[PDB]
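Below: the structure, in structure tokens.
In each ligand, atom 1 is the first atom listed, and ligand 1 is the first ligand listed. For the single chain, residues carry numbers from 1 onward in sequence order.
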Amino acid sequence: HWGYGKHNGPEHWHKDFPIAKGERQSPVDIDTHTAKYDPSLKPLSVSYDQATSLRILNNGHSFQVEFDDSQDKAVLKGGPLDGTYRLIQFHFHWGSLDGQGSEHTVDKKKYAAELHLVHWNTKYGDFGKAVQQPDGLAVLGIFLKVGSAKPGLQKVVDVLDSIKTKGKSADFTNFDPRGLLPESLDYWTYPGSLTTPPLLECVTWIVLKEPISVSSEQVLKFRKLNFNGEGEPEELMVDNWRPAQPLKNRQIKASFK
Ligand SMILES: NS(=O)(=O)c1nnc(-c2ccccc2Cl)s1
Ligand SMILES: [Zn+2]
């Protein structure tokens, strides 16, 4: 089974998921001098005032915060998108050291971690149908750098002890993801894929230019999670990121200059 270790990590994924060597894989390095400013691009419209979080889960490769997506509560529109995309979950990728952990890079710089807010296009009716479409998903990517604490993130940090191992879940209601956004919503966008198996090429990536900062203590607590299940040999949940993939025949567009 796939993972991030030496014997089952990203370099092995292609043997069970040949789309891993596909033409629109993610993540990629954003070359800021090669990105094209596109003034046709609209501002992002993030409407999270009615988000309903439900649960937080350790799924064995990351932890997920899940939302009720049975109606248009928390939605993303605008930017390069056509239609309404509903939030279904968010998760992070992070490193064992502060100098690595993000999946996207900016002029080959790595950040300490990367936040993914996953949304699906309501025109396809449910999430499983949306991953089958080239415009099915929109993922908002936010970089984390280590600096001052992010107060909005502490509620998440404090519950991690209760979901330390794979398969553990905890009620997680009334969390407002607005607390995780940077001040500016300027972005880069490109067509890409899920960054874990099954690696489907169904994602319109929206990566925010401005990182958010979190303390060292906050990311420290991320690194205390376990990839393993309870009762199993302890394997710390670190470096759950996929390295940059070739851009191929793609253009990254910028919403700003
Ligand atoms: N890292 S990510 O946001 O591109 C992502 N990759 N895989 C994802 C996924 C895979 C299977 C089921 C649900 C999801 Cl949300 S979400
Ligand atoms: Zn992700």
Which word best sums up how the rings of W13 and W2 line up, parallel for under 30°, tilted for 30 to 60°, or perpendicular for over 60°?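 Perpendicular.
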First locate atom CD1 of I56, then atom CG of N59, and finally report the distance between them rounded to the nearest 0.5 Å.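 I56 atom CD1 to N59 atom CG measures 11.0 Å (nearest 0.5 Å).
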Between [X] and [Y], a side-chain donor and acceptor under 3.5 Å:
X: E66; Y: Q89; value: no
X: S213; Y: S148; value: yes
X: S62; Y: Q64; value: yes

Got a salt bridge between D135 and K123, using NZ or NE/NH1/NH2 to carboxylate O under 4.0 Å?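 Looking at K123 together with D135, the answer is yes, because their closest N to O distance falls below 4.0 Å.
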Less than 4.0 angstrom from a charged side-chain N to a carboxylate O is my criterion; do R55 and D171 meet it?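 No, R55 and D171 are not salt-bridged.
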In the protein, how many N/O/S atoms are under 2.8 Å from the Zn ion (ligand 2)?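 If we list every protein N, O or S atom nearer than 2.8 Å to the Zn ion (ligand 2), we get 3.
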Option passing side-chain hydrogen bond (donor to acceptor under 3.5 Å, both in side chains) with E114 (candidates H93, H104, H91):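 With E114 as partner, side-chain hydrogen bond (donor to acceptor under 3.5 Å, both in side chains) holds for just one option, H104.
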Enumerate the pairs of nitrogen or oxygen atoms, one from ligand 1 and one from the protein, separated by less than 3.5 angstrom; state names and distance to 0.1 Å.
unit_1: ligand 1; atom_1: 1 (N); unit_2: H91; atom_2: NE2; d: 3.4
unit_1: ligand 1; atom_1: 1 (N); unit_2: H93; atom_2: NE2; d: 3.3
unit_1: ligand 1; atom_1: 1 (N); unit_2: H116; atom_2: ND1; d: 3.4
unit_1: ligand 1; atom_1: 1 (N); unit_2: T195; atom_2: OG1; d: 2.8
unit_1: ligand 1; atom_1: 3 (O); unit_2: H91; atom_2: NE2; d: 3.4
unit_1: ligand 1; atom_1: 4 (O); unit_2: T195; atom_2: N; d: 3.1
unit_1: ligand 1; atom_1: 6 (N); unit_2: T196; atom_2: OG1; d: 3.4
unit_1: ligand 1; atom_1: 7 (N); unit_2: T196; atom_2: OG1; d: 3.0

Would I206 end up clustered with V75 when hydrophobic side chains under 4.5 Å apart are linked, directly or stepwise?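 Looking at the clustering, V75 is in a separate group from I206.
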